[PDB]
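The data block below is start.cif; it holds mmCIF, C-alpha atoms and all ligand atoms.
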data_upload
#
loop_
_atom_site.label_atom_id
_atom_site.label_comp_id
_atom_site.auth_asym_id
_atom_site.auth_seq_id
_atom_site.Cartn_x
_atom_site.Cartn_y
_atom_site.Cartn_z
CA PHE A 1 -33.27 -199.86 -62.78
CA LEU A 2 -29.53 -199.14 -62.61
CA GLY A 3 -29.58 -199.71 -66.37
CA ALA A 4 -26.76 -197.34 -67.25
CA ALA A 5 -24.82 -197.17 -64.02
CA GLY A 6 -21.66 -198.20 -65.86
CA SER A 7 -22.05 -195.51 -68.51
CA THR A 8 -20.13 -192.25 -68.38
CA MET A 9 -21.99 -189.25 -66.95
CA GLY A 10 -22.47 -188.04 -70.50
CA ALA A 11 -24.10 -191.37 -71.29
CA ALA A 12 -25.52 -191.07 -67.77
CA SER A 13 -26.74 -187.69 -68.75
CA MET A 14 -29.07 -190.23 -70.34
CA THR A 15 -29.80 -191.48 -66.79
CA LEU A 16 -30.90 -188.08 -65.54
CA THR A 17 -32.83 -187.36 -68.67
CA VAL A 18 -35.01 -190.18 -67.33
CA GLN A 19 -35.99 -190.66 -63.66
CA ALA A 20 -32.34 -190.70 -62.56
CA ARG A 21 -32.62 -194.07 -64.39
CA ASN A 22 -35.51 -195.14 -62.09
CA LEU A 23 -33.33 -195.15 -58.97
CA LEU A 24 -35.74 -193.56 -56.50
CA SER A 25 -38.79 -195.57 -57.50
CA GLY A 26 -36.58 -198.67 -57.22
CA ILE A 27 -35.62 -197.51 -53.73
CA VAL A 28 -39.13 -197.27 -52.37
CA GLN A 29 -41.03 -199.65 -54.62
CA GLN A 30 -38.83 -202.68 -54.28
CA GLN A 31 -40.54 -203.00 -50.89
CA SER A 32 -43.63 -204.30 -52.68
CA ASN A 33 -42.91 -208.00 -52.13
CA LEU A 34 -42.63 -207.71 -48.33
CA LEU A 35 -45.44 -205.16 -48.58
CA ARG A 36 -47.64 -207.67 -50.42
CA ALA A 37 -47.33 -210.46 -47.82
CA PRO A 38 -46.24 -209.91 -44.27
CA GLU A 39 -49.88 -210.72 -43.59
CA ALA A 40 -51.14 -213.22 -46.19
CA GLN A 41 -49.97 -215.96 -43.81
CA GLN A 42 -52.68 -217.41 -41.57
CA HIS A 43 -50.53 -219.80 -39.53
CA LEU A 44 -49.74 -220.03 -35.84
CA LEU A 45 -46.21 -221.58 -35.62
CA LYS A 46 -45.96 -220.15 -32.05
CA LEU A 47 -42.76 -218.14 -32.80
CA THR A 48 -41.33 -215.98 -35.56
CA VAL A 49 -37.86 -215.82 -37.06
CA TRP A 50 -38.69 -213.08 -39.58
CA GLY A 51 -40.59 -211.10 -36.96
CA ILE A 52 -37.36 -209.32 -36.09
CA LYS A 53 -35.27 -209.78 -39.24
CA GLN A 54 -37.83 -208.52 -41.76
CA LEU A 55 -38.87 -205.73 -39.41
CA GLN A 56 -35.28 -204.59 -38.94
CA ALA A 57 -34.72 -204.62 -42.71
CA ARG A 58 -37.93 -202.67 -43.23
CA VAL A 59 -37.26 -199.87 -40.76
CA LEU A 60 -33.65 -199.74 -41.94
CA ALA A 61 -34.89 -199.02 -45.46
CA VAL A 62 -37.34 -196.44 -44.12
CA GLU A 63 -34.80 -194.47 -42.08
CA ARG A 64 -32.35 -194.56 -44.95
CA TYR A 65 -35.08 -193.31 -47.30
CA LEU A 66 -35.90 -190.50 -44.86
CA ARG A 67 -32.41 -189.20 -44.06
CA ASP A 68 -32.01 -188.23 -47.69
CA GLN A 69 -35.36 -186.47 -47.77
CA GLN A 70 -34.41 -184.52 -44.68
CA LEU A 71 -31.04 -183.64 -46.21
CA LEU A 72 -32.75 -182.36 -49.32
CA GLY A 73 -35.04 -180.41 -47.01
CA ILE A 74 -32.07 -178.80 -45.30
CA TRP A 75 -30.68 -177.52 -48.62
CA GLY A 76 -33.95 -176.07 -49.94
CA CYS A 77 -34.15 -178.81 -52.56
CA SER A 78 -37.16 -180.71 -51.20
CA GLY A 79 -39.13 -182.27 -54.02
CA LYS A 80 -36.67 -181.42 -56.72
CA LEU A 81 -34.50 -184.23 -58.04
CA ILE A 82 -32.04 -181.80 -59.62
CA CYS A 83 -31.55 -178.42 -58.03
CA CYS A 84 -28.83 -175.84 -57.98
CA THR A 85 -27.21 -174.07 -55.06
CA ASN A 86 -25.64 -170.76 -54.18
CA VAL A 87 -22.49 -172.46 -52.91
CA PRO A 88 -19.84 -171.90 -55.58
CA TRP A 89 -17.35 -174.49 -56.61
CA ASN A 90 -14.97 -173.37 -53.88
CA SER A 91 -11.20 -173.71 -53.41
CA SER A 92 -12.01 -177.50 -53.56
CA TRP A 93 -9.06 -178.86 -55.35
CA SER A 94 -10.51 -181.23 -57.91
CA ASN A 95 -10.87 -178.29 -60.30
CA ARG A 96 -10.91 -179.77 -63.77
CA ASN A 97 -12.56 -179.75 -67.18
CA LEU A 98 -16.26 -179.55 -68.00
CA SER A 99 -15.93 -181.57 -71.19
CA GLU A 100 -13.96 -184.18 -69.33
CA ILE A 101 -16.54 -184.62 -66.58
CA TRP A 102 -19.88 -184.64 -68.36
CA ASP A 103 -18.58 -186.45 -71.44
CA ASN A 104 -16.07 -189.12 -70.36
CA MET A 105 -16.47 -190.16 -66.70
CA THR A 106 -18.84 -192.62 -65.00
CA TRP A 107 -20.72 -191.84 -61.81
CA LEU A 108 -18.61 -194.35 -59.89
CA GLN A 109 -15.33 -192.89 -61.09
CA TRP A 110 -16.77 -189.52 -60.17
CA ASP A 111 -17.42 -190.81 -56.67
CA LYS A 112 -13.82 -191.95 -56.58
CA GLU A 113 -12.81 -188.43 -57.61
CA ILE A 114 -14.46 -186.49 -54.79
CA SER A 115 -14.57 -189.17 -52.10
CA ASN A 116 -12.86 -186.62 -49.94
CA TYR A 117 -14.47 -183.29 -49.01
CA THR A 118 -17.94 -184.77 -49.43
CA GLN A 119 -18.84 -183.98 -45.83
CA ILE A 120 -17.15 -180.62 -46.47
CA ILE A 121 -19.59 -179.98 -49.30
CA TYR A 122 -22.50 -181.20 -47.19
CA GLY A 123 -21.57 -178.84 -44.39
CA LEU A 124 -20.89 -176.10 -46.92
CA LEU A 125 -24.23 -176.25 -48.74
CA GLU A 126 -26.62 -175.47 -45.93
CA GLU A 127 -24.51 -172.41 -45.01
CA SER A 128 -25.42 -170.62 -48.22
CA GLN A 129 -28.89 -172.14 -48.07
CA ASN A 130 -29.64 -170.77 -44.62
CA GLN A 131 -27.27 -168.48 -42.75
CA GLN A 132 -27.55 -165.69 -45.27
CA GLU A 133 -30.33 -166.82 -47.64
CA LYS A 134 -32.92 -167.40 -44.94
CA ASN A 135 -31.76 -164.24 -43.19
CA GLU A 136 -32.09 -162.25 -46.43
CA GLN A 137 -35.59 -163.66 -46.84
CA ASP A 138 -36.26 -162.60 -43.26
CA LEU A 139 -35.07 -159.14 -44.26
CA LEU A 140 -37.18 -159.17 -47.44
CA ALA A 141 -40.43 -158.20 -45.67
CA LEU A 142 -39.05 -154.79 -44.47
CA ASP A 143 -36.07 -152.53 -45.47
CA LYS A 144 -34.96 -148.83 -45.61
CA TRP A 145 -33.84 -146.70 -48.65
CA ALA A 146 -31.56 -149.55 -49.86
CA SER A 147 -34.17 -152.17 -50.91
CA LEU A 148 -35.54 -149.99 -53.71
CA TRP A 149 -32.22 -148.05 -54.07
CA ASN A 150 -28.84 -148.78 -52.33
CA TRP A 151 -26.82 -148.01 -55.51
CA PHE A 152 -23.62 -149.77 -54.41
CA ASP A 153 -24.03 -153.55 -53.88
CA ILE A 154 -26.44 -153.79 -56.88
CA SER A 155 -23.53 -153.42 -59.34
CA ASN A 156 -21.72 -156.19 -57.35
CA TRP A 157 -25.12 -158.01 -57.23
CA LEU A 158 -25.10 -157.73 -61.06
CA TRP A 159 -21.30 -158.50 -60.84
CA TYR A 160 -21.97 -161.91 -59.16
CA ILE A 161 -23.73 -162.89 -62.44
CA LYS A 162 -20.91 -160.93 -64.23
CA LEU A 163 -17.99 -162.88 -62.63
CA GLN B 1 -37.69 -140.33 -57.32
CA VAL B 2 -38.88 -141.25 -60.80
CA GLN B 3 -39.11 -138.03 -62.81
CA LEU B 4 -40.73 -137.89 -66.25
CA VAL B 5 -39.82 -134.49 -67.67
CA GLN B 6 -42.06 -134.39 -70.73
CA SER B 7 -41.22 -132.07 -73.60
CA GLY B 8 -43.20 -128.88 -73.96
CA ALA B 9 -46.52 -128.08 -75.57
CA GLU B 10 -46.57 -127.52 -79.32
CA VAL B 11 -48.42 -125.65 -82.07
CA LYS B 12 -48.51 -127.09 -85.59
CA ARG B 13 -50.46 -126.97 -88.85
CA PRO B 14 -53.48 -129.31 -88.91
CA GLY B 15 -53.51 -132.38 -91.12
CA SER B 16 -49.81 -133.02 -90.46
CA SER B 17 -48.19 -135.35 -87.93
CA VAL B 18 -46.78 -134.79 -84.45
CA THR B 19 -44.00 -136.10 -82.21
CA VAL B 20 -43.56 -135.73 -78.45
CA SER B 21 -40.86 -136.87 -76.03
CA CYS B 22 -40.78 -138.07 -72.44
CA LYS B 23 -37.28 -138.07 -70.93
CA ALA B 24 -37.29 -140.17 -67.79
CA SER B 25 -34.90 -139.56 -64.89
CA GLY B 26 -34.33 -141.96 -62.01
CA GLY B 27 -35.25 -145.60 -61.64
CA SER B 28 -34.94 -147.41 -64.97
CA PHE B 29 -35.82 -146.39 -68.51
CA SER B 30 -36.09 -150.07 -69.46
CA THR B 31 -37.61 -153.16 -67.69
CA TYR B 32 -40.80 -151.27 -66.72
CA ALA B 33 -43.77 -150.43 -68.92
CA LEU B 34 -43.69 -146.78 -69.86
CA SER B 35 -47.06 -145.87 -71.33
CA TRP B 36 -49.07 -142.95 -72.68
CA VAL B 37 -52.49 -141.56 -71.77
CA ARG B 38 -54.88 -138.86 -72.99
CA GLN B 39 -57.34 -136.44 -71.50
CA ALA B 40 -59.32 -133.92 -73.53
CA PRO B 41 -58.99 -130.52 -71.78
CA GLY B 42 -62.04 -130.87 -69.56
CA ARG B 43 -62.90 -134.56 -69.92
CA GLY B 44 -61.99 -137.38 -67.55
CA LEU B 45 -58.84 -139.33 -68.68
CA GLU B 46 -58.12 -141.91 -71.38
CA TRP B 47 -55.45 -144.58 -71.89
CA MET B 48 -53.92 -145.14 -75.34
CA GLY B 49 -50.96 -147.52 -75.25
CA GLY B 50 -47.39 -148.16 -74.19
CA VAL B 51 -43.96 -149.69 -74.77
CA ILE B 52 -41.50 -151.87 -72.86
CA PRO B 53 -37.96 -150.78 -73.79
CA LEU B 54 -36.00 -153.98 -73.08
CA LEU B 55 -38.11 -156.11 -75.46
CA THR B 56 -39.88 -153.36 -77.57
CA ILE B 57 -43.29 -154.85 -76.68
CA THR B 58 -45.85 -152.38 -78.06
CA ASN B 59 -49.38 -152.74 -76.64
CA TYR B 60 -51.37 -150.30 -78.78
CA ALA B 61 -54.81 -148.75 -78.81
CA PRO B 62 -58.24 -150.28 -79.53
CA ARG B 63 -59.08 -147.43 -81.93
CA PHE B 64 -55.95 -145.34 -82.64
CA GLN B 65 -54.03 -148.45 -83.82
CA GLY B 66 -52.32 -147.83 -87.15
CA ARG B 67 -51.97 -144.09 -86.46
CA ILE B 68 -49.89 -144.37 -83.28
CA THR B 69 -46.17 -145.05 -83.07
CA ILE B 70 -44.31 -145.50 -79.78
CA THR B 71 -40.58 -146.15 -79.67
CA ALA B 72 -37.92 -146.56 -76.99
CA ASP B 73 -34.33 -145.41 -77.46
CA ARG B 74 -32.28 -146.46 -74.44
CA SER B 75 -28.96 -145.36 -75.98
CA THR B 76 -29.92 -141.74 -75.33
CA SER B 77 -32.52 -142.88 -72.75
CA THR B 78 -35.75 -141.24 -73.98
CA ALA B 79 -39.17 -142.37 -75.21
CA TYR B 80 -41.06 -140.85 -78.14
CA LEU B 81 -44.68 -140.91 -79.30
CA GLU B 82 -45.60 -140.19 -82.93
CA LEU B 83 -49.25 -139.52 -83.71
CA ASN B 84 -50.52 -138.58 -87.16
CA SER B 85 -53.26 -136.51 -88.80
CA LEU B 86 -53.35 -133.51 -86.49
CA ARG B 87 -56.85 -132.14 -86.01
CA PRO B 88 -59.02 -130.27 -83.46
CA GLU B 89 -60.15 -133.67 -82.10
CA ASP B 90 -56.58 -134.77 -81.48
CA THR B 91 -56.50 -131.88 -78.99
CA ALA B 92 -55.92 -133.45 -75.57
CA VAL B 93 -53.39 -133.30 -72.79
CA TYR B 94 -50.87 -136.12 -73.21
CA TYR B 95 -49.37 -137.30 -69.94
CA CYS B 96 -46.41 -139.68 -70.01
CA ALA B 97 -46.62 -142.18 -67.19
CA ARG B 98 -44.48 -145.01 -65.84
CA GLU B 99 -45.54 -148.09 -63.93
CA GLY B 100 -44.44 -148.06 -60.30
CA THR B 101 -42.91 -150.72 -58.09
CA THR B 102 -43.26 -152.07 -54.57
CA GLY B 103 -41.12 -150.38 -51.95
CA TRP B 104 -39.49 -146.96 -52.12
CA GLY B 105 -37.34 -147.42 -55.18
CA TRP B 106 -37.25 -148.25 -58.88
CA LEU B 107 -35.87 -151.81 -58.97
CA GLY B 108 -38.18 -154.28 -57.18
CA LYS B 109 -41.44 -155.96 -58.16
CA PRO B 110 -43.78 -153.80 -60.28
CA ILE B 111 -47.36 -153.13 -59.24
CA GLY B 112 -49.25 -152.78 -62.51
CA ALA B 113 -50.40 -149.24 -61.73
CA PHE B 114 -49.38 -145.84 -63.08
CA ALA B 115 -47.72 -144.72 -59.86
CA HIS B 116 -45.04 -142.24 -60.93
CA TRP B 117 -46.13 -139.68 -63.50
CA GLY B 118 -45.01 -136.72 -65.57
CA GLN B 119 -45.98 -133.09 -65.79
CA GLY B 120 -47.99 -133.42 -69.03
CA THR B 121 -48.44 -130.89 -71.82
CA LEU B 122 -51.65 -130.04 -73.66
CA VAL B 123 -51.17 -131.21 -77.25
CA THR B 124 -53.46 -128.72 -79.01
CA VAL B 125 -53.30 -128.04 -82.75
CA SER B 126 -53.01 -124.47 -84.07
CA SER B 127 -55.20 -122.95 -86.76
CA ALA B 128 -54.04 -119.33 -87.12
CA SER B 129 -50.83 -117.43 -86.36
CA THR B 130 -50.05 -115.21 -83.36
CA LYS B 131 -52.15 -112.21 -82.35
CA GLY B 132 -51.92 -109.64 -79.58
CA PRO B 133 -55.38 -108.79 -78.23
CA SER B 134 -56.69 -105.68 -76.52
CA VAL B 135 -57.85 -105.46 -72.91
CA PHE B 136 -60.93 -103.52 -71.84
CA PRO B 137 -62.71 -102.01 -68.84
CA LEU B 138 -65.98 -103.95 -68.77
CA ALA B 139 -68.41 -101.54 -67.12
CA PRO B 140 -71.07 -102.81 -64.67
CA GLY B 141 -72.33 -100.77 -53.30
CA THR B 142 -70.58 -103.40 -55.43
CA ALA B 143 -69.43 -102.59 -58.97
CA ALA B 144 -68.66 -105.54 -61.21
CA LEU B 145 -65.78 -105.26 -63.65
CA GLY B 146 -63.82 -107.38 -66.07
CA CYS B 147 -60.82 -107.35 -68.37
CA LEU B 148 -61.89 -109.24 -71.50
CA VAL B 149 -58.83 -110.76 -73.13
CA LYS B 150 -60.73 -111.61 -76.29
CA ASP B 151 -59.86 -113.13 -79.70
CA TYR B 152 -56.12 -113.74 -79.33
CA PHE B 153 -53.58 -116.35 -80.35
CA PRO B 154 -52.38 -118.50 -78.63
CA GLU B 155 -53.42 -119.80 -75.21
CA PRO B 156 -53.03 -118.92 -72.33
CA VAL B 157 -53.18 -115.52 -70.65
CA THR B 158 -53.40 -114.78 -66.95
CA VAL B 159 -55.14 -111.87 -65.22
CA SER B 160 -53.97 -110.16 -62.04
CA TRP B 161 -55.38 -106.83 -60.85
CA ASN B 162 -53.18 -103.94 -59.61
CA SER B 163 -50.06 -106.11 -60.17
CA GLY B 164 -51.53 -108.76 -57.89
CA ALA B 165 -52.05 -106.40 -54.94
CA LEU B 166 -55.76 -107.14 -55.09
CA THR B 167 -55.55 -110.89 -54.53
CA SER B 168 -58.78 -111.99 -52.83
CA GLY B 169 -62.18 -112.28 -54.46
CA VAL B 170 -60.67 -113.14 -57.85
CA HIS B 171 -62.69 -115.05 -60.45
CA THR B 172 -60.89 -115.96 -63.66
CA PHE B 173 -62.48 -117.90 -66.50
CA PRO B 174 -60.66 -120.34 -68.81
CA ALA B 175 -59.65 -119.73 -72.40
CA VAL B 176 -61.97 -120.94 -75.16
CA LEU B 177 -61.22 -122.76 -78.42
CA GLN B 178 -63.93 -120.59 -79.93
CA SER B 179 -65.50 -120.35 -83.40
CA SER B 180 -63.35 -117.54 -84.81
CA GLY B 181 -59.95 -119.21 -85.25
CA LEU B 182 -58.72 -117.18 -82.25
CA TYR B 183 -59.00 -117.59 -78.47
CA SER B 184 -60.92 -115.46 -75.97
CA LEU B 185 -60.79 -115.23 -72.18
CA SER B 186 -62.71 -113.54 -69.38
CA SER B 187 -61.83 -112.60 -65.80
CA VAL B 188 -63.80 -110.68 -63.16
CA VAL B 189 -63.28 -109.50 -59.58
CA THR B 190 -65.54 -107.92 -56.94
CA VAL B 191 -64.98 -104.27 -56.00
CA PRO B 192 -67.34 -101.66 -54.51
CA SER B 193 -68.83 -98.81 -56.52
CA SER B 194 -67.68 -95.92 -54.30
CA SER B 195 -63.97 -96.72 -54.80
CA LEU B 196 -64.05 -96.13 -58.57
CA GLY B 197 -62.15 -92.84 -58.61
CA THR B 198 -60.05 -93.52 -55.50
CA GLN B 199 -58.53 -96.94 -56.23
CA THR B 200 -57.85 -97.40 -59.95
CA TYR B 201 -58.29 -101.09 -60.77
CA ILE B 202 -55.53 -101.92 -63.25
CA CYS B 203 -55.52 -105.53 -64.49
CA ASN B 204 -52.27 -107.02 -65.83
CA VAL B 205 -52.26 -109.57 -68.64
CA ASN B 206 -49.51 -112.00 -69.67
CA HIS B 207 -49.68 -113.24 -73.27
CA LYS B 208 -46.22 -114.74 -73.71
CA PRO B 209 -46.08 -115.88 -77.41
CA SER B 210 -47.79 -112.70 -78.65
CA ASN B 211 -45.78 -110.45 -76.26
CA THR B 212 -48.39 -108.03 -74.92
CA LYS B 213 -48.26 -107.25 -71.18
CA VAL B 214 -49.98 -103.89 -70.74
CA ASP B 215 -51.37 -102.15 -67.70
CA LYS B 216 -55.02 -101.43 -68.46
CA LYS B 217 -57.38 -99.00 -66.75
CA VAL B 218 -60.78 -99.95 -65.35
CA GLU B 219 -62.59 -96.70 -64.46
CA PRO B 220 -66.22 -97.24 -65.51
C1 LIG C 1 -20.83 -198.49 -72.88
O1 LIG C 1 -19.81 -197.63 -73.37
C2 LIG C 1 -19.75 -197.51 -74.80
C3 LIG C 1 -18.60 -196.59 -75.10
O2 LIG C 1 -17.55 -197.26 -75.79
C4 LIG C 1 -21.08 -196.98 -75.33
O3 LIG C 1 -21.06 -196.97 -76.76
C5 LIG C 1 -22.23 -197.85 -74.84
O4 LIG C 1 -23.48 -197.30 -75.22
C6 LIG C 1 -22.18 -197.97 -73.32
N1 LIG C 1 -23.24 -198.84 -72.85
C7 LIG C 1 -24.26 -198.40 -72.11
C8 LIG C 1 -25.27 -199.43 -71.70
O5 LIG C 1 -24.36 -197.23 -71.78
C1 LIG C 2 -11.77 -181.13 -72.03
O1 LIG C 2 -11.49 -182.54 -72.17
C2 LIG C 2 -11.52 -183.05 -73.49
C3 LIG C 2 -11.16 -184.53 -73.38
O2 LIG C 2 -12.17 -185.23 -72.67
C4 LIG C 2 -10.53 -182.29 -74.39
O3 LIG C 2 -10.68 -182.74 -75.73
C5 LIG C 2 -10.82 -180.80 -74.33
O4 LIG C 2 -9.84 -180.08 -75.07
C6 LIG C 2 -10.81 -180.32 -72.88
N1 LIG C 2 -11.09 -178.89 -72.81
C7 LIG C 2 -10.37 -178.03 -72.09
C8 LIG C 2 -10.81 -176.60 -72.15
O5 LIG C 2 -9.39 -178.39 -71.45
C1 LIG C 3 -13.04 -191.91 -73.08
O1 LIG C 3 -13.83 -193.10 -72.84
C2 LIG C 3 -13.27 -194.31 -73.36
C3 LIG C 3 -14.25 -195.41 -73.04
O2 LIG C 3 -15.33 -194.91 -72.25
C4 LIG C 3 -11.88 -194.56 -72.76
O3 LIG C 3 -11.30 -195.70 -73.37
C5 LIG C 3 -10.98 -193.34 -72.97
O4 LIG C 3 -9.74 -193.54 -72.32
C6 LIG C 3 -11.66 -192.08 -72.44
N1 LIG C 3 -10.82 -190.92 -72.67
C7 LIG C 3 -10.69 -189.92 -71.79
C8 LIG C 3 -9.79 -188.80 -72.19
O5 LIG C 3 -11.29 -189.92 -70.72
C1 LIG C 4 -9.60 -189.53 -49.77
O1 LIG C 4 -9.81 -190.06 -48.45
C2 LIG C 4 -9.13 -191.30 -48.21
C3 LIG C 4 -9.57 -191.80 -46.85
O2 LIG C 4 -10.04 -193.14 -46.92
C4 LIG C 4 -7.62 -191.09 -48.32
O3 LIG C 4 -6.96 -192.34 -48.12
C5 LIG C 4 -7.25 -190.54 -49.69
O4 LIG C 4 -5.87 -190.20 -49.72
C6 LIG C 4 -8.09 -189.29 -50.00
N1 LIG C 4 -7.72 -188.63 -51.27
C7 LIG C 4 -7.85 -188.97 -52.59
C8 LIG C 4 -8.46 -190.31 -52.97
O5 LIG C 4 -7.45 -188.21 -53.46
#
Go ahead and express the file in the form of structure tokens.
Amino acid sequence: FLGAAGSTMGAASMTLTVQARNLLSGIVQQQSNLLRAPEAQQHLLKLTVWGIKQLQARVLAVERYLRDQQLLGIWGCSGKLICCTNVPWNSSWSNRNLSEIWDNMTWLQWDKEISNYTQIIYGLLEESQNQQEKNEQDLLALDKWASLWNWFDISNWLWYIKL
Amino acid sequence: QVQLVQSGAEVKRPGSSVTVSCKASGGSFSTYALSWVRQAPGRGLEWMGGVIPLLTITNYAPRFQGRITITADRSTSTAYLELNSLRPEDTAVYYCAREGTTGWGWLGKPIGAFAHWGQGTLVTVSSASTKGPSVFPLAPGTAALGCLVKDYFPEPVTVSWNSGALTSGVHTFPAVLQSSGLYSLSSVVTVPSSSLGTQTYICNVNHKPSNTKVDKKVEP
């Protein structure tokens, strides 16, 4: 758990060659102590201090551990720890080196890199996930001459892979 | 659509080898399993084996393996089949056939079925050399009559009576790979007896590699 958070993303390529270095199971399974005994107590005591504080901590952890599942649902990535997107690296202005990023930079320094535009990326991702991709899938059950043979866009469709 | 313009039929000495082509047109020469099938001229149909041009995957025959050779040459965009040991029991029609795809096109998901096809040519070995036959009045209310195009080389001839003016009631009969090294053929029609000397029934034959197209009397 967190065992190589200080490593660079190349040595934290080690982290995501294992279960993101056990981060998600440490998110949901560190509940197990307050899961093991909110109920082993058989005592009256006539009032409860933890009856609001533990409950607020518990449902705080649950809503935080559901917002991220819903956000992975909204970008077609539900289930998959590592998935790719159709959004390109846009005009976003931290354009830099591949062998600088995934060799010599930690995850925290990387968060300090792109602390801006993060909500821009989050708004940007679902656009290519939905507004054309879901509408293309809605097209993909019926089409005219073009679906088998449009002979125009296909070269550009090959060209997207090409450029 | 997908067009498979196969190369023409062939005559060749027996005991030698044979090559045939199948030039596709439309769709894609690669990324879809072109294949090859047989049918003896009168039998049902028979699959032999195929090729996949992007990865040269050859899925050959259960019996003809070792004697069959299929290639795929995308740089001139054709597909050849090379069989060996030509013989009277290699005589079959050889259709070249491509797998189809879902939707009206040639790019989507394939189906697994031989949807688009080619014209096919009968791959029949030759024993003898060419021969122009002779055509006869075969003598019989209703007088029967024939023009026996018998013991020729090679197949086929056609028969039309009075330059095709008589068109109804025709009954041709197919050419035979007979037991003489040559080929024979029969063809009859139905005329009355009383119109023997009035309407002269003149069959017309078309033997194109032997070059004999004669008008022939039938006045029995
Ligand atoms: C810390 O960084 C050094 C690089 O000098 C590396 O050798 C070491 O493995 C790193 N430690 C961990 C726990 O990743
Ligand atoms: C990427 O960064 C490394 C230093 O981390 C450098 O050695 C390499 O030359 C860079 N590559 C490019 C293409 O700039
Ligand atoms: C590479 O990493 C080491 C330690 O992790 C650091 O001292 C060095 O400055 C880094 N170099 C670059 C170009 O990032
Ligand atoms: C990122 O956003 C912060 C807002 O807190 C801003 O101060 C900073 O200039 C931005 N740009 C960076 C760190 O390049």
- Using all atoms listed in the file, find the residues of chain B whose closest atom to chain A is at most 12 Å away, then write them as number ranges by chain. B: 1-2, 26-28, 100-110
- Within 8 Å of ligand LIG 3 (chain C) (all atoms listed in the file), residues as a PyMOL selection string: chain A and resi 7-8+100+103-105
Edge lengths and centre in Å, axis-aligned, ligand LIG 1 (chain C) plus 5 Å each side, as lines of an AutoDock Vina configuration file:
center_x = -21.4
center_y = -198.0
center_z = -74.2
size_x = 17.7
size_y = 12.8
size_z = 15.1
- Message: Around ligand LIG 4 (chain C), which protein and nucleic acid residues have at least one atom no more than 8 Å from it, if we count all atoms listed in the file? List them as a PyMOL selection string.
- Response: chain A and resi 112-117
For range 69-76 of chain B, work out the shell of residues within 12 Å, counting all atoms listed in the file and skipping chain neighbours fewer than 3 positions away, then give it as a short mmCIF file (atom, residue, chain, number, x, y, z; two decimals) with C-alpha atoms, keeping the file's coordinate frame.
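Writing done, so here's result-v9.cif:
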data_model
loop_
_atom_site.label_atom_id
_atom_site.label_comp_id
_atom_site.auth_asym_id
_atom_site.auth_seq_id
_atom_site.Cartn_x
_atom_site.Cartn_y
_atom_site.Cartn_z
CA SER B 17 -48.19 -135.35 -87.93
CA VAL B 18 -46.78 -134.79 -84.45
CA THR B 19 -44.00 -136.10 -82.21
CA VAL B 20 -43.56 -135.73 -78.45
CA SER B 21 -40.86 -136.87 -76.03
CA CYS B 22 -40.78 -138.07 -72.44
CA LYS B 23 -37.28 -138.07 -70.93
CA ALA B 24 -37.29 -140.17 -67.79
CA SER B 25 -34.90 -139.56 -64.89
CA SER B 28 -34.94 -147.41 -64.97
CA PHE B 29 -35.82 -146.39 -68.51
CA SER B 30 -36.09 -150.07 -69.46
CA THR B 31 -37.61 -153.16 -67.69
CA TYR B 32 -40.80 -151.27 -66.72
CA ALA B 33 -43.77 -150.43 -68.92
CA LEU B 34 -43.69 -146.78 -69.86
CA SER B 35 -47.06 -145.87 -71.33
CA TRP B 36 -49.07 -142.95 -72.68
CA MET B 48 -53.92 -145.14 -75.34
CA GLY B 49 -50.96 -147.52 -75.25
CA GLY B 50 -47.39 -148.16 -74.19
CA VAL B 51 -43.96 -149.69 -74.77
CA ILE B 52 -41.50 -151.87 -72.86
CA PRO B 53 -37.96 -150.78 -73.79
CA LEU B 54 -36.00 -153.98 -73.08
CA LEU B 55 -38.11 -156.11 -75.46
CA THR B 56 -39.88 -153.36 -77.57
CA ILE B 57 -43.29 -154.85 -76.68
CA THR B 58 -45.85 -152.38 -78.06
CA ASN B 59 -49.38 -152.74 -76.64
CA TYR B 60 -51.37 -150.30 -78.78
CA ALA B 61 -54.81 -148.75 -78.81
CA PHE B 64 -55.95 -145.34 -82.64
CA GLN B 65 -54.03 -148.45 -83.82
CA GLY B 66 -52.32 -147.83 -87.15
CA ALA B 79 -39.17 -142.37 -75.21
CA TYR B 80 -41.06 -140.85 -78.14
CA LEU B 81 -44.68 -140.91 -79.30
CA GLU B 82 -45.60 -140.19 -82.93
CA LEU B 83 -49.25 -139.52 -83.71
CA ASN B 84 -50.52 -138.58 -87.16
CA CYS B 96 -46.41 -139.68 -70.01
#
- Have a look at CA of residue 207 in chain B and CA of residue 157 in chain B and let me know their distance in Å, one decimal.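 CA of residue 157 in chain B lies 4.9 Å from CA of residue 207 in chain B.
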Considering all atoms listed in the file, tabulate each residue of chain A that lies at most 7 Å from ligand LIG 1 (chain C) along with its nearest interatomic pair and the corresponding distance in Å to one decimal; arrange the rows by chain and ascending residue number and present them as JSON lines.
{"residue": "A:3", "atom": "CA", "partner": "C:LIG1", "partner_atom": "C8", "distance": 6.9}
{"residue": "A:4", "atom": "CA", "partner": "C:LIG1", "partner_atom": "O5", "distance": 5.1}
{"residue": "A:6", "atom": "CA", "partner": "C:LIG1", "partner_atom": "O5", "distance": 6.6}
{"residue": "A:7", "atom": "CA", "partner": "C:LIG1", "partner_atom": "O5", "distance": 4.4}
{"residue": "A:11", "atom": "CA", "partner": "C:LIG1", "partner_atom": "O5", "distance": 5.9}
- CA of residue 110 in chain A to atom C8 of ligand LIG 2 (chain C), straight-line distance in Å: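 That distance, rounded to one decimal, is 18.6 Å.
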